[PDB]
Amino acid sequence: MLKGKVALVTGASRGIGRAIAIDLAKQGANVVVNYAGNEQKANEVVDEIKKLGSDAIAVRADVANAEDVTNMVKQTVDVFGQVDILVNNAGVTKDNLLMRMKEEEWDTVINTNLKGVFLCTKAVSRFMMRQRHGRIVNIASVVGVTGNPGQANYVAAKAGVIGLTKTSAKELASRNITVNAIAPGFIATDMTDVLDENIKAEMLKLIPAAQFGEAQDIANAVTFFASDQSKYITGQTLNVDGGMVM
C-alpha cells in the first residue's frame, strides 16, 4: 500500500500498462502515465486515477529516445518531487517469420522494448541511488523464455530484458533498489489483435488454466514487487501465464 510513493509507468495508456497504473494509484501512489502517441487514452487513465483519490500526469515520450526519457524522468521529479517506482511496460510487436522479417521491424522492436528499458533504468537510477531506495519492474514475456516462431525480434528483446533485469538488480542492490521482471503469457487486452478463432483455440490448449489472463493479473504481480514487503526479492522473473511456461 504504496502511500506517498510516486510511480513512472511507461506505455500506461491502455491494456496491461493502464491496469498497472490504476492499481498502483489504488495503493496510494502518484502516477506518471507515459504514452508515445495517443494523448486521449492517456488522459482517460489520468482522469480515472484522480477519481480514486490519487494524482497523475500524462507525459509523451519515445522510450527509445534518450532526450525524451531524460525529460520525462525530470518532469516526474519536478511535478511529484521524486521517483520511487519505475515500471517498464512500453513495447511494440512487428511479427514475421525470420526469413520475412525486415531490418526496420527488427530495429523498432529492439529499440522500443529493450533499449527503452536500458534508457529508463539509467535515467531513474541517479534519483533512486541517491535516496537509497527504489523499485524497478520490467514487463517481459514468457515468449522470451521459450522462444516463439513468429517473433524473433520480440523474443530477442524480451529475453534481453530478463537478462538486463539481473544486471540491474546486481548493480543497484547496494542502494536498496530491487529490480524484477514479470513475464506475461496470453492476456486478453494484448490479443484484441489476434481474432482468428482457431489460432486462438490452439494457444488456449497450451495453458493449463484453460483460459486467457486479464490485465489485472499482471497489475496484481507488479504491485507485489513494487511494495516494501517484497524487499528481499531481486533479479527474479515471475511468469503470469496460467501455467503455460513452468
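All residue numbers are counted from 1 along the displayed sequence.
As listed in the deposited structure, the average C-alpha B-factor of 57 to 65 and of 188 to 196 is greater for 188 to 196. Note on 66 to 74 vs 197 to 205: mean CA B-factor is higher in 197 to 205. Among the modelled residues of the chain, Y232 sits in the lowest third by CA temperature factor in this PDB entry. In this PDB entry, the Cα temperature factor of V109 sits in the bottom third of its chain's modelled residues, the lowest group.
Among the modelled residues of the chain, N96 sits in the lowest third by CA temperature factor in this PDB entry. Annotation for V87: CA B-factor lies in the highest third of the chain's modelled residues.
In the deposited entry, the Cα temperature factor of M1 places it in the highest third of its chain's modelled residues.
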